[PDB]
Amino acid sequence: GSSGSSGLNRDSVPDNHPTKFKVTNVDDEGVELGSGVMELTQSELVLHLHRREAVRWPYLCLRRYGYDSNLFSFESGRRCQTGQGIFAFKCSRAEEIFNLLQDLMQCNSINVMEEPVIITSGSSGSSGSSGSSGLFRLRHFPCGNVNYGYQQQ
């Protein structure tokens, strides 16, 4: 357990920005694929990339989301531009993305209460190959913390 220090800075975007967050998308081995800037509005989750158009996920289509000490991950439903999948990104500020995410989705007028955690079952095994385009979809959830979004019968 030790404190770091910034060796240099030479860019207009700060290291402590409260709404933009520097992110790097990863595979199931944690290998860095491509860089981007994550954005979190009072309307939805947003992700700015290169000349390829920006990627967006409404908070009502986030069934579950989580984080680790250097990693941010979430599950997006079958109603968004990337299709259904688990999407994961490296970030040293991942805890602030997770806290900001749950804050902006609870700012909407929604009923919510306390309930016990129930054992989640797996699947009998499934596989395939590359279909539609987008960011890397994980087969499993990589973060040890999990928190749940919108809920209805």
# chains A, B, ... in the order shown; residues from 1 in each chain; ligands from 1
$ select_by_dssp --residues "stretch 50-122 of chain A" --states "helix (DSSP H, G or I)" --output "ChimeraX atom specification"
/A:59-61,94-106
$ write_last_selection --atoms "N, CA and C atoms" --output "mmCIF file, in the first residue's frame"
data_model
loop_
_atom_site.group_PDB
_atom_site.id
_atom_site.type_symbol
_atom_site.label_atom_id
_atom_site.label_comp_id
_atom_site.auth_asym_id
_atom_site.auth_seq_id
_atom_site.Cartn_x
_atom_site.Cartn_y
_atom_site.Cartn_z
ATOM 1 N N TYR A 59 -30.066 3.941 -18.782
ATOM 2 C CA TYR A 59 -29.980 3.365 -17.432
ATOM 3 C C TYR A 59 -31.110 2.369 -17.119
ATOM 4 N N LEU A 60 -32.260 2.502 -17.793
ATOM 5 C CA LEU A 60 -33.373 1.550 -17.721
ATOM 6 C C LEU A 60 -33.082 0.209 -18.415
ATOM 7 N N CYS A 61 -32.104 0.166 -19.332
ATOM 8 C CA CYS A 61 -31.599 -1.075 -19.944
ATOM 9 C C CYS A 61 -30.341 -1.646 -19.252
ATOM 10 N N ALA A 94 -12.661 3.975 -11.424
ATOM 11 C CA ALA A 94 -13.835 3.108 -11.618
ATOM 12 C C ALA A 94 -14.888 3.183 -10.492
ATOM 13 N N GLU A 95 -14.458 3.372 -9.240
ATOM 14 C CA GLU A 95 -15.344 3.568 -8.085
ATOM 15 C C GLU A 95 -16.205 4.839 -8.212
ATOM 16 N N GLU A 96 -15.659 5.921 -8.775
ATOM 17 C CA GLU A 96 -16.404 7.161 -8.998
ATOM 18 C C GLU A 96 -17.384 7.020 -10.168
ATOM 19 N N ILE A 97 -17.048 6.233 -11.202
ATOM 20 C CA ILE A 97 -17.990 5.912 -12.292
ATOM 21 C C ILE A 97 -19.170 5.100 -11.743
ATOM 22 N N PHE A 98 -18.905 4.063 -10.939
ATOM 23 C CA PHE A 98 -19.932 3.238 -10.307
ATOM 24 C C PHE A 98 -20.857 4.049 -9.384
ATOM 25 N N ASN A 99 -20.296 4.936 -8.554
ATOM 26 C CA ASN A 99 -21.086 5.797 -7.673
ATOM 27 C C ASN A 99 -21.897 6.848 -8.446
ATOM 28 N N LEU A 100 -21.316 7.473 -9.477
ATOM 29 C CA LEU A 100 -22.017 8.438 -10.325
ATOM 30 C C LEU A 100 -23.147 7.763 -11.118
ATOM 31 N N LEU A 101 -22.914 6.561 -11.652
ATOM 32 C CA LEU A 101 -23.918 5.755 -12.352
ATOM 33 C C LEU A 101 -25.170 5.537 -11.500
ATOM 34 N N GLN A 102 -25.009 5.004 -10.283
ATOM 35 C CA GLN A 102 -26.155 4.742 -9.416
ATOM 36 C C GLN A 102 -26.854 6.032 -8.958
ATOM 37 N N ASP A 103 -26.124 7.147 -8.836
ATOM 38 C CA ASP A 103 -26.707 8.445 -8.476
ATOM 39 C C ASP A 103 -27.627 9.013 -9.563
ATOM 40 N N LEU A 104 -27.201 8.943 -10.823
ATOM 41 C CA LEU A 104 -27.931 9.534 -11.943
ATOM 42 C C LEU A 104 -29.156 8.699 -12.326
ATOM 43 N N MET A 105 -29.113 7.381 -12.101
ATOM 44 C CA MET A 105 -30.267 6.499 -12.306
ATOM 45 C C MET A 105 -31.268 6.506 -11.134
ATOM 46 N N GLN A 106 -30.847 6.875 -9.915
ATOM 47 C CA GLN A 106 -31.765 7.105 -8.781
ATOM 48 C C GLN A 106 -32.345 8.533 -8.727
#
$ residues_around --residues "residue A:75" --least-positions-apart "4" --cutoff "12 Å" --atoms "only C-alpha atoms" --output "ChimeraX atom specification"
/A:57-67,79-80,82-88,137-143,146-149
$ atom_distance --atom1 "atom CA of residue A:90" --atom2 "atom CA of residue A:108"
27.7 Å
$ atom_distance --atom1 "atom CA of residue A:71" --atom2 "atom CA of residue A:145"
10.6 Å
$ residues_around --residues "residue A:81" --least-positions-apart "6" --cutoff "12 Å" --atoms "only C-alpha atoms" --output "ChimeraX atom specification"
/A:46-47,53-58,61,132-135
$ select_by_dssp --residues "stretch 51-96 of chain A" --states "strand (DSSP E or B)" --output "PyMOL selection string"
chain A and resi 55-57+62-68+71-76+85-90
$ write_last_selection --atoms "N, CA, C and O atoms" --output "mmCIF file, in the first residue's frame"
data_model
loop_
_atom_site.group_PDB
_atom_site.id
_atom_site.type_symbol
_atom_site.label_atom_id
_atom_site.label_comp_id
_atom_site.auth_asym_id
_atom_site.auth_seq_id
_atom_site.Cartn_x
_atom_site.Cartn_y
_atom_site.Cartn_z
ATOM 1 N N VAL A 55 -21.077 5.663 -28.404
ATOM 2 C CA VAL A 55 -21.882 4.507 -27.962
ATOM 3 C C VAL A 55 -22.636 4.860 -26.682
ATOM 4 O O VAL A 55 -22.053 5.438 -25.772
ATOM 5 N N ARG A 56 -23.935 4.546 -26.632
ATOM 6 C CA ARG A 56 -24.854 4.999 -25.583
ATOM 7 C C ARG A 56 -25.707 3.850 -25.028
ATOM 8 O O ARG A 56 -26.178 2.998 -25.787
ATOM 9 N N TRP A 57 -25.929 3.857 -23.711
ATOM 10 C CA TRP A 57 -26.689 2.847 -22.971
ATOM 11 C C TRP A 57 -27.654 3.516 -21.963
ATOM 12 O O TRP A 57 -27.177 4.112 -20.989
ATOM 13 N N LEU A 62 -29.880 -1.056 -18.140
ATOM 14 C CA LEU A 62 -28.832 -1.626 -17.291
ATOM 15 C C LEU A 62 -29.475 -2.429 -16.157
ATOM 16 O O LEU A 62 -29.888 -1.868 -15.138
ATOM 17 N N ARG A 63 -29.555 -3.752 -16.326
ATOM 18 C CA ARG A 63 -30.113 -4.647 -15.301
ATOM 19 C C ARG A 63 -29.154 -4.808 -14.114
ATOM 20 O O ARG A 63 -29.602 -4.850 -12.964
ATOM 21 N N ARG A 64 -27.839 -4.837 -14.377
ATOM 22 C CA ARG A 64 -26.793 -4.972 -13.356
ATOM 23 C C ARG A 64 -25.467 -4.344 -13.794
ATOM 24 O O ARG A 64 -25.150 -4.266 -14.982
ATOM 25 N N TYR A 65 -24.691 -3.897 -12.813
ATOM 26 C CA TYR A 65 -23.469 -3.108 -12.974
ATOM 27 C C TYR A 65 -22.588 -3.217 -11.725
ATOM 28 O O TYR A 65 -23.074 -3.496 -10.629
ATOM 29 N N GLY A 66 -21.282 -3.037 -11.896
ATOM 30 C CA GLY A 66 -20.281 -3.333 -10.879
ATOM 31 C C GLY A 66 -18.920 -2.720 -11.159
ATOM 32 O O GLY A 66 -18.691 -2.055 -12.172
ATOM 33 N N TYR A 67 -17.999 -2.961 -10.235
ATOM 34 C CA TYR A 67 -16.663 -2.379 -10.273
ATOM 35 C C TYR A 67 -15.657 -3.149 -9.409
ATOM 36 O O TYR A 67 -16.011 -3.865 -8.467
ATOM 37 N N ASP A 68 -14.390 -2.956 -9.736
ATOM 38 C CA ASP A 68 -13.218 -3.386 -8.971
ATOM 39 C C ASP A 68 -12.224 -2.214 -8.809
ATOM 40 O O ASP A 68 -12.489 -1.094 -9.251
ATOM 41 N N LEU A 71 -11.126 -1.363 -12.431
ATOM 42 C CA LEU A 71 -11.986 -1.931 -13.480
ATOM 43 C C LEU A 71 -13.457 -1.558 -13.243
ATOM 44 O O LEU A 71 -13.928 -1.564 -12.109
ATOM 45 N N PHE A 72 -14.187 -1.255 -14.311
ATOM 46 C CA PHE A 72 -15.604 -0.896 -14.307
ATOM 47 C C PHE A 72 -16.338 -1.783 -15.316
ATOM 48 O O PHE A 72 -15.923 -1.879 -16.470
ATOM 49 N N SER A 73 -17.416 -2.443 -14.894
ATOM 50 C CA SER A 73 -18.158 -3.379 -15.760
ATOM 51 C C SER A 73 -19.684 -3.314 -15.584
ATOM 52 O O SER A 73 -20.191 -3.063 -14.491
ATOM 53 N N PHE A 74 -20.433 -3.569 -16.660
ATOM 54 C CA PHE A 74 -21.903 -3.519 -16.664
ATOM 55 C C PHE A 74 -22.537 -4.422 -17.730
ATOM 56 O O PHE A 74 -21.916 -4.745 -18.743
ATOM 57 N N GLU A 75 -23.784 -4.829 -17.480
ATOM 58 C CA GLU A 75 -24.600 -5.656 -18.371
ATOM 59 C C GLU A 75 -25.708 -4.787 -18.977
ATOM 60 O O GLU A 75 -26.527 -4.202 -18.262
ATOM 61 N N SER A 76 -25.715 -4.690 -20.302
ATOM 62 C CA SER A 76 -26.697 -3.919 -21.072
ATOM 63 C C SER A 76 -27.656 -4.865 -21.796
ATOM 64 O O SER A 76 -27.214 -5.840 -22.411
ATOM 65 N N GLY A 85 -25.079 -7.632 -23.862
ATOM 66 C CA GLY A 85 -23.729 -8.058 -23.487
ATOM 67 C C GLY A 85 -23.216 -7.484 -22.168
ATOM 68 O O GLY A 85 -23.788 -6.547 -21.608
ATOM 69 N N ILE A 86 -22.102 -8.049 -21.700
ATOM 70 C CA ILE A 86 -21.304 -7.538 -20.573
ATOM 71 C C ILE A 86 -20.095 -6.795 -21.152
ATOM 72 O O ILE A 86 -19.317 -7.384 -21.905
ATOM 73 N N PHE A 87 -19.935 -5.523 -20.790
ATOM 74 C CA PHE A 87 -18.895 -4.626 -21.298
ATOM 75 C C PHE A 87 -18.036 -4.122 -20.132
ATOM 76 O O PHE A 87 -18.571 -3.655 -19.124
ATOM 77 N N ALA A 88 -16.708 -4.218 -20.271
ATOM 78 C CA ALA A 88 -15.754 -3.944 -19.196
ATOM 79 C C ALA A 88 -14.563 -3.095 -19.658
ATOM 80 O O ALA A 88 -14.031 -3.260 -20.764
ATOM 81 N N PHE A 89 -14.151 -2.191 -18.769
ATOM 82 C CA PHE A 89 -13.185 -1.131 -19.043
ATOM 83 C C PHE A 89 -12.242 -0.917 -17.857
ATOM 84 O O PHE A 89 -12.681 -0.859 -16.710
ATOM 85 N N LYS A 90 -10.947 -0.741 -18.122
ATOM 86 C CA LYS A 90 -9.971 -0.330 -17.115
ATOM 87 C C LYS A 90 -10.080 1.174 -16.858
ATOM 88 O O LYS A 90 -10.210 1.966 -17.795
#
$ residues_around --residues "stretch 13-16 of chain A" --least-positions-apart "6" --cutoff "10 Å" --atoms "only C-alpha atoms" --output "PyMOL selection string"
chain A and resi 6+22+93
$ write_last_selection --atoms "N, CA and C atoms" --output "PDB file, in the first residue's frame"
ATOM      1  N   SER A   6       2.209  12.124 -10.099  1.00  0.00           N
ATOM      2  CA  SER A   6       2.166  12.440 -11.536  1.00  0.00           C
ATOM      3  C   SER A   6       3.510  13.015 -12.022  1.00  0.00           C
ATOM      4  N   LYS A  22     -11.487   8.826 -18.395  1.00  0.00           N
ATOM      5  CA  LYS A  22     -10.655   8.076 -19.342  1.00  0.00           C
ATOM      6  C   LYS A  22     -10.824   6.565 -19.107  1.00  0.00           C
ATOM      7  N   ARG A  93     -10.250   5.354 -11.666  1.00  0.00           N
ATOM      8  CA  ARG A  93     -11.374   6.062 -11.036  1.00  0.00           C
ATOM      9  C   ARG A  93     -12.702   5.283 -11.139  1.00  0.00           C
TER      10      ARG A  93
END
$ closest_residue --among "A:3, A:41, A:70, A:111" --to "residue A:18" --atoms "only C-alpha atoms"
A:41
